[PDB]
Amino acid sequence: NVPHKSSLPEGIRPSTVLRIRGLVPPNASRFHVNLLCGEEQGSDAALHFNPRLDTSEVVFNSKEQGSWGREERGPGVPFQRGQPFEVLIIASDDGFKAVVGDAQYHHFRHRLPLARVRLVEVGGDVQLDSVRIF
């Protein structure tokens, strides 16, 4: 399953929807969904979606030229060890809408131009069902 990579050579425009489905395994610690600007190592991360079950948090951040931005946090962790999940990452002109389950979870304002995203990466302690880009 992981590390899972979906290459977007043409990039993603606004109104693109990332649908991520999978299971949070028993004893999971944390996993991540990255929107990177390239296939190379250390590429700029327009979005770092990092649910942390060991600390019961979800961290949002970006990375530009090796430096991490300031972390944002959503209301609690909407994931459970031993439970499946469905995440929507909806890219708008203003930013990324993160939907978990049946409710909007957090809006991450754009820190990098959306037109730079060219890679979706899923890693960490997660057993992926499917990654689909609409």
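One-based numbering along the sequence shown.
The mean C-alpha temperature factor is higher for 39-47 when 39-47 and 69-77 are set side by side. The stretch 111-119 shows the higher mean C-alpha B-factor when 14-22 is compared against 111-119 in the entry.
Sort the chain's modelled residues by C-alpha temperature factor and residue 33 lands in the lowest third, per the entry. Per-chain ranking of the deposited C-alpha B factor places residue 84 in the lowest third. In the PDB entry, residue 57 places in the middle third of its chain by CA B-factor. In the PDB entry, a CA B factor belonging to the highest third of its chain's modelled residues is recorded for residue 2. In this PDB entry, the Cα temperature factor of residue 103 sits in the top third of its chain's modelled residues, the highest group.
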